[PDB]
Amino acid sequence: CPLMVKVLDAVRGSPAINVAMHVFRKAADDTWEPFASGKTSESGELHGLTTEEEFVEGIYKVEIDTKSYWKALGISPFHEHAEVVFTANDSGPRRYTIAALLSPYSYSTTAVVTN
């Protein structure tokens, strides 16, 4: 699993379940092409987005639909979504875990990159 996303809810102290996200990859013409999508599980994790072979060097964007998450909980949040944009595999294949910690008016995101 070369790309995994974990989302946590800082209001409830729980995984953020059923959070939709879309991954894009920058094309040679500088447009964002769709790459993968899914939603987080009961553990707040989304696995299986891509494979080692398909996850080539490039600039990737993970768009996490945080607004829909908060609205379903009755909360009108500040952000439309959380965006994570990064260059991947520029020094060879790596495994990426992208984590997001969500509050209505704030989020934090980190990356753990392993060889």
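Note that residue numbering follows the sequence shown and begins at 1.
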Can you let me know which of the two, 74-82 or 25-33, has the higher average C-alpha B-factor in the entry?
25-33
On mean Cα temperature factor in this entry, is 89-97 or 5-13 the higher one?
89-97
Can you tell me which of 45, 63, 53, 57 has the maximum CA B-factor listed in the PDB entry?
53
In terms of the CA temperature factor given in the entry, to which third of its chain does residue 109 belong: lowest, middle or highest?
middle
